[PDB]
């Protein structure tokens, strides 16, 4: 099962260097680098029989690979292009057709830095109507105005991430469809029992990880550097 990609998330700008790593603790001889984009499914970039071998795949242009050792396979984008923004999967194998996948590395390569903004995050508090009518309180989180669509949203209740009772839009929402590098919005819900929301020693936090510019990208805009960051919104229980 243990095939592990690093890094899970990555943003860079056209011309940059990107290096996706993949480690496998099986003693598999084959390793593979795939990309995945909607409308193209899984496409093979490069693979390898074993240590010190490389084979070209179906869409190798723009990528190099290195199989230094038995368990480490690297993908290298030496001059990154917007085309390459995508989701990458590593896989090991020890038999025809049987691949064991890693978890994904999501990479955005940005053409124009002027377009990057972090999300604004707001939490909205559960309708009283809902609480009385159904005995349940639904909180809604709203993250808005962020480009590029590279965020990860999570609910924190009392210092621990919670998963039960949470739905987060699978697809984001273009603020302006007509503009083509539009900023995005994205919504999420956490539902809990009325008794729970009503305890006012309950802390609710909506946390959005933004993946954006790096410490050493130059920034020439009269607004804050839309750098990689966390943006949150809080709320506390009420007994009403």
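Numbering follows the first chain given and starts at 1.
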* Would you determine, from the values in the PDB entry, which of 108-116 and 156-164 has the greater average C-alpha temperature factor? => 156-164
* Structure fact -> Going by the entry, of stretches 48-56 and 197-205 the one with greater average Cα B-factor is 197-205
* Structure fact -> From 126, 145, 82, 148, the top C-alpha temperature factor is at 126
* **Residue selected from 232, 17, 229, 216 by maximal Cα B factor** => 216
* Hey, what third does residue 182 fall into on Cα B-factor, ranked over its chain? -> middle
* Within this chain's modelled residues, let me know which third the CA B factor of residue 12 belongs to: lowest, middle or highest. => lowest
* **Third of the chain, ranked by Cα B-factor, where residue 28 sits** => middle
* To do: Could you tell me which third, lowest, middle or highest, the C-alpha B-factor of residue 66 occupies within its chain?
  => lowest
* With respect to C-alpha B-factor, does residue 139 fall in the lowest, middle or highest third of the chain as deposited? -> middle
